[PDB]
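Right, one structure below, let's go through it.
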Amino acid sequence: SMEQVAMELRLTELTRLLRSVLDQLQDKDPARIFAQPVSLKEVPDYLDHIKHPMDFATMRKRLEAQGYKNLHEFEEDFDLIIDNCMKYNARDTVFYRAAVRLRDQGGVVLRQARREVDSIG
């Protein structure tokens, strides 16, 4: 149908905007701490601690399959990245500190993303 196509164009355009958001958030992680999944070879107990692992490569795979229906879903995944790190790692670690800085800096990006998603519809 023509309606299914219009819906699909909307999803494509959301995906475009989320790709730009993702790039901007990942720039706030210049150490690449959150770039890839935590390795279960190197942290074999990880899934005992963290039930829903997340990282920027995994988000990128979902995004490119147009697997985010709305900004809420995307933000859920970004908050997992941060929240998983802040639980597994202690306050005095470069990992925790990286997550705090990513959260604080990403907030600004996500605030305007929400306005753009609402504004453009």
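In this analysis, Cβ positions are derived from the backbone assuming ideal geometry, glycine residues included, and neighbour counts consider all displayed protein chains. Derivation of every value follows stated rules applied to the coordinates shown; laboratory data play no part.
Taking the Cβ-Cβ separation of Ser119 and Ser1 as r and a Förster radius of 22 Å, what is the calculated FRET efficiency to the nearest 0.05? Display every interim value, and only then the final one.
Values: r = 27 Å, r/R0 = 1.21.
After rounding to 0.05, the efficiency reads 0.25.
Check each of the trypsin sites (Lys or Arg not before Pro) in the range 50-121 and keep only those in coil by DSSP with at most 16 other C-beta atoms within 10 angstrom; list them in order. Don't skip to the answer; put the middle values down first.
Working: sites: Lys51, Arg60, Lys61, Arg62, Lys69, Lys87, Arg91, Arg97, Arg101, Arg103, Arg111, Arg114, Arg115; in loops: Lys51, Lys69, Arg91.
Sparse-neighbourhood loop trypsin sites (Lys or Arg not before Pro): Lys51, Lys69, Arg91.
Against the longest alpha carbon principal axis of the chain, how many degrees, from 0 to 90 and to the nearest 10, is the axis of helix 71-88 turned?
That works out to roughly 0 degrees.
When all alpha-carbon pairs of the chain are counted, what percent fall beyond 22 Å?
Numbers: 2719 of 7260 pairs.
Considering the chain, 37 percent of its Cα-Cα pairs are separated by more than 22 Å.
In whole Hz and in residue order, list the ³J(HN,Hα) couplings for the range 57-65 that follow from phi through the Karplus curve 6.51 cos²θ - 1.76 cosθ + 1.60, θ = phi - 60°; x for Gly and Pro.
My calculation for the range 57-65 gives 5, 5, 5, 5, 4, 4, 4, 5, 7 Hz in order.
For the range 11-27, take each phi angle, set θ = phi - 60°, evaluate the Karplus expression 6.51 cos²θ - 1.76 cosθ + 1.60, and give the result in whole Hz per residue in order, putting x for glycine and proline.
Listing the rounded values in order: 4, 4, 6, 4, 4, 4, 5, 4, 5, 5, 4, 4, 5, 5, 5, 5, 5 Hz.
What length, rounded to one decimal in nm, is gained on full extension from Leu11 through to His49, with 0.36 nm per residue of separation minus their alpha-carbon distance?
Values: separation 38, 0.36 × 38 = 13.68 nm, distance 3.42 nm.
10.3 nm is the gain from fully extending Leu11 to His49.
Tell me which GluC sites (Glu not before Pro) from the range 26-98 have a DSSP coil assignment and no more than 13 other beta carbons within 10 Å of their own.
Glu42
Determine ³J(HN,Hα), in whole Hz, for all residues of the range 37-51 in sequence, where each value follows from phi through the Karplus function 6.51 cos²θ - 1.76 cosθ + 1.60 and θ = phi - 60°; x replaces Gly and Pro.
Whole-Hz 3J(HN,Hα) from phi for the range 37-51: x, 3, 6, 7, 5, 7, 10, x, 7, 4, 6, 6, 9, 10, 7.
Counting each DSSP H run of 4 or more residues in the chain as -39500 (n - 2.57), what helix-only mean residue ellipticity at 222 nm follows after dividing by all residues, to the nearest 500 deg cm²/dmol? Present the calculation step by step, with values, prior to reporting the outcome.
Values: 5 runs with 84 residues, N = 121.
Helices in the chain give a 222 nm mean residue ellipticity of -23000 deg cm²/dmol.
Just need the relative contact order of the chain here, percent rounded to a whole number, with Cα pairs under 8 Å and 6+ apart.
Normalised by residue count, the contact order of the chain is 31 percent.
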